[PDB]
Amino acid sequence: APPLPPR
Amino acid sequence: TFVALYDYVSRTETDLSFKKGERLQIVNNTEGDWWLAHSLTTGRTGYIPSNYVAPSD
């Protein structure tokens, strides 16, 4: 899965 | 609408968990990389990672 983006 | 490309497990209370293939409406998308989404499948609403979904069409 793609890296979770910053919040 | 948008479609989930991956499952996503909530990591905070206000996230929305969803399953691959779930249909989502993007309710708000002006707060950065995390979008407020409403599941047309479960009726729940919360924040999602915008790179885990794609436009349905």
# chains A, B, ... in the order shown; residues from 1 in each chain; ligands from 1

call {"tool": "residues_around", "arguments": {"residues": "segment 26-43 of chain B", "least_positions_apart": "5", "cutoff": "7 Å", "atoms": "only C-alpha atoms", "output": "JSON, numbers by chain"}}
result
{"A": [5, 6, 7], "B": [48, 49, 50]}

call {"tool": "residues_around", "arguments": {"residues": "segment 6-19 of chain B", "least_positions_apart": "2", "cutoff": "6 Å", "atoms": "only C-alpha atoms", "output": "PDB file with N, CA and C atoms, in the first residue's frame"}}
result
ATOM      1  N   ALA B   4     -12.525   3.078  -3.064  1.00  0.00           N
ATOM      2  CA  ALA B   4     -11.344   2.687  -2.311  1.00  0.00           C
ATOM      3  C   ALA B   4     -10.514   1.677  -3.094  1.00  0.00           C
ATOM      4  N   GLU B  22     -15.131  -0.042  -1.668  1.00  0.00           N
ATOM      5  CA  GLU B  22     -16.181   0.779  -1.100  1.00  0.00           C
ATOM      6  C   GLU B  22     -16.311   2.086  -1.869  1.00  0.00           C
ATOM      7  N   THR B  45     -18.854   8.568   8.284  1.00  0.00           N
ATOM      8  CA  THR B  45     -18.121   9.718   7.766  1.00  0.00           C
ATOM      9  C   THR B  45     -16.887   9.969   8.612  1.00  0.00           C
ATOM     10  N   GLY B  46     -15.765  10.226   7.958  1.00  0.00           N
ATOM     11  CA  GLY B  46     -14.539  10.529   8.668  1.00  0.00           C
ATOM     12  C   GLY B  46     -13.429  10.820   7.685  1.00  0.00           C
ATOM     13  N   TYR B  47     -12.237  11.060   8.229  1.00  0.00           N
ATOM     14  CA  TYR B  47     -11.098  11.424   7.398  1.00  0.00           C
ATOM     15  C   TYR B  47     -10.420  10.192   6.805  1.00  0.00           C
ATOM     16  N   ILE B  48      -9.961  10.355   5.568  1.00  0.00           N
ATOM     17  CA  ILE B  48      -9.319   9.288   4.810  1.00  0.00           C
ATOM     18  C   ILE B  48      -8.052   9.803   4.145  1.00  0.00           C
ATOM     19  N   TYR B  52      -5.512   6.771  -1.161  1.00  0.00           N
ATOM     20  CA  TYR B  52      -6.021   5.406  -1.089  1.00  0.00           C
ATOM     21  C   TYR B  52      -7.302   5.223  -1.880  1.00  0.00           C
TER      22      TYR B  52
END

call {"tool": "atom_distance", "arguments": {"atom1": "atom CA of residue 56 of chain B", "atom2": "atom CA of residue 1 of chain A"}}
result
19.0 Å

call {"tool": "select_by_dssp", "arguments": {"residues": "chain B", "states": "strand (DSSP E or B)", "output": "number ranges by chain"}}
result
B: 2-4, 8, 15, 18, 23-28, 34-39, 45-49, 53-55
